[PDB]
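Numbers restart at 1 for each chain; the letters A, B, ... are given by sequence-line order, proteins then strands.
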Amino acid sequence: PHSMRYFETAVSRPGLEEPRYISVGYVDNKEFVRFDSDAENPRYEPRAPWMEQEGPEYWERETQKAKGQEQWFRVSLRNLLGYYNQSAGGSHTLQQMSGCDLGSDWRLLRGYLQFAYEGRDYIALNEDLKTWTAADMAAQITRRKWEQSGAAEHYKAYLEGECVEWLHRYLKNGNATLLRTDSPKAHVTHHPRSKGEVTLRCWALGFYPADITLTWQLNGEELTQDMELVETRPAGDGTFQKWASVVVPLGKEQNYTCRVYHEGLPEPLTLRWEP
Amino acid sequence: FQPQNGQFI
Amino acid sequence: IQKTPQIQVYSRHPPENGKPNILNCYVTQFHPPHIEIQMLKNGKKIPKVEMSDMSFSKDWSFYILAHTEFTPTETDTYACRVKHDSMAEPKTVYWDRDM
């Protein structure tokens, strides 16, 4: 159930100064490589400890392809200006997502190739890897252009070929690393509010990956009734945090339990307010 | 492995 | 073609007055990528703010993590102010120890 994606962005800025091009690679949703045109000496850079293995040749090759991509976005960016009737001196964004997913068997399960402009779907390659799904009128020009040139075939080759060969490779190099986990460490905090009623908040900190489940219960019953839940957030050190809470009637506090479910725990966690 | 785009949009 | 960013301001480790720590400002769901995030202490801009590199999620929106060293106390107030083209005015969110 692995995958590899390259998220590319090109943003034009006021003036005749070429746009900034940023390209980021992922394996199983983890950033492993990165390139930025703004940097001092622009080169592709390692972003996961297991990528330092690749010798000079690899980084050189990747750096070139990226310089080509940057030019490709420069050109494409001008054409869009026309498609939409935009003056040559504004702020624009062109994005691309490409990659492949491997199934249980490690065979290509699906390939991806999409673009967005100004934050919206523009044109995407279909699962068949031969037909396109343009999002609007403007995008039709491009779709017609790409059909009338077999542009789809070009991507198909990459998606079923190199994409798969290199994902297998990266998976081999960063095997155990990628498949790691850090269990969350939980604790409950008490906070006042309403006359009588009070708030109990269950915290989950230091866990990886970000997937986690926080539940509150009253007398063994899933209290999915009015529970505060923040979006999971990065702590900064590479781990995550998330918390859920509920408003409870004072005194009847120790009548509630928090349960934490995470892929890294030997067994789920249960904890209650501890004055 | 950075993919290299085909025809421009 | 704008998207109004969501902000969460929180510490990296559970707070303890006097103990050094790292204060976070996690900005998400915004577009375009250009944005100006400021972290404040008692109404003053903190000069030393690190910024994660630009990333965007599957729905095309961008997200970034701004953070800085800070040492909570009983009295000091910390906040995050986000300046983005999709809002005609900046949005400021305070650090709440209980969240």
Between A/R272 and A/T257, does a side-chain hydrogen bond (donor to acceptor under 3.5 Å, both in side chains) hold up when you go through it step by step? CA-CA 5 Å; A/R272 303 159 260 68; A/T257 64; over 6 Å; no
Which residues pass the ring-ring contact (aromatic ring centres under 6.0 Å, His included) test with A/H92, sequence neighbours left out? none
For residues 24-34 of chain C, which residue pairs pass the side chain to side chain donor-acceptor pair (under 3.5 Å) check, not counting sequence neighbours? A/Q95-C/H31, C/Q29-C/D59, C/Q29-C/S61
Determine, stepwise, if the pair A/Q217 / A/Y256 fulfils side-chain hydrogen bond (donor to acceptor under 3.5 Å, both in side chains). CA-CA 6 Å; A/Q217 300 184 310; A/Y256 300 73; over 6 Å; no
With sequence neighbours left out, write down each residue that passes ring-ring contact (aromatic ring centres under 6.0 Å, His included) with A/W146, or none if nothing qualifies. A/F115, A/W132
Name the orientation class of the two ring planes belonging to A/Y122 and A/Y117 (parallel below 30°, tilted from 30 to 60°, perpendicular beyond 60°). perpendicular
When you check the gap from the basic side-chain N to the acidic O, do A/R110 and A/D128 get nearer than 4.0 Å? no
Who pairs with A/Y26 by ring-ring contact (aromatic ring centres under 6.0 Å, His included), at least two apart in sequence or on another chain? A/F7
Distance-only donor-acceptor pairs under 3.5 Å for side chains of residues 176-186 of chain A, two or more places apart:
from, atom 1, to, atom 2, distance (Å)
A/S183, OG, A/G264, O, 2.6
A/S183, OG, A/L265, N, 3.4
A/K185, NZ, A/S183, O, 2.9

Between A/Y58 and A/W166, what is the ring plane arrangement, given parallel below 30°, perpendicular above 60°, and tilted in between? tilted
Run A/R20 and A/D38 through salt bridge (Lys or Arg N to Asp or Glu O under 4.0 Å) and show every step you take. CA-CA 6 Å; A/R20 176 181 181 182; A/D38 255 34; 3.7 Å; yes
I'd like to know whether NZ of A/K145 has more than 12 heavy-atom contacts from other residues, nucleotides or ligands below 6.0 angstrom. yes
Using salt bridge (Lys or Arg N to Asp or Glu O under 4.0 Å) as the criterion, list what pairs up with C/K44, not counting sequence neighbours. none
Taking only residues two or more places apart in sequence or in another chain, which ones pass salt bridge (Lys or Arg N to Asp or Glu O under 4.0 Å) with A/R144? none
Give a yes or no on whether C/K83 atom NZ has more than 12 heavy-atom contacts from other residues, nucleotides or ligands under 6.0 Å away. no
Residue set satisfying ring-ring contact (aromatic ring centres under 6.0 Å, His included) with A/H2, at least two apart, ordered chain then number -> A/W106
Check whether any side-chain heavy atom of A/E62 lies under 4.5 Å from a side-chain heavy atom of A/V33, and answer yes or no. no
Salt bridge (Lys or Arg N to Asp or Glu O under 4.0 Å) partners of A/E162, counting only residues at least two apart: none
Determine which pairs satisfy disulfide (SG to SG under 2.5 Å) with at least one residue from residues 47-148 of chain A, sequence neighbours left out, and list them in order. A/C100-A/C163
Assert yes or no for the condition that the ring centre distance of A/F32 to A/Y170 is strictly below 6.0 Å. yes
Answer yes or no: is there an ion pair linking A/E45 with A/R34, defined by an N-O contact shorter than 4.0 Å? no
Donor-acceptor pairs are to be reported for all side-chain atoms of residues 194-213 of chain A against protein atoms at under 3.5 Å, with residues two or more places apart or in another chain.
from, atom 1, to, atom 2, distance (Å)
A/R201, NE, C/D98, O, 2.8
A/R201, NH1, A/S245, OG, 2.8
A/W203, NE1, A/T189, OG1, 2.8

So, using salt bridge (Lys or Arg N to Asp or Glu O under 4.0 Å) as the criterion, who are the partners of A/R74 when residues are at least two apart? A/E18
Can you say whether the rings of A/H190 and A/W273 are parallel (under 30°), tilted (30 to 60°) or perpendicular (over 60°)? perpendicular
Run C/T73 and C/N17 through side-chain hydrogen bond (donor to acceptor under 3.5 Å, both in side chains) and show every step you take. CA-CA 5 Å; C/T73 62; C/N17 291 344; 5.8 Å; no
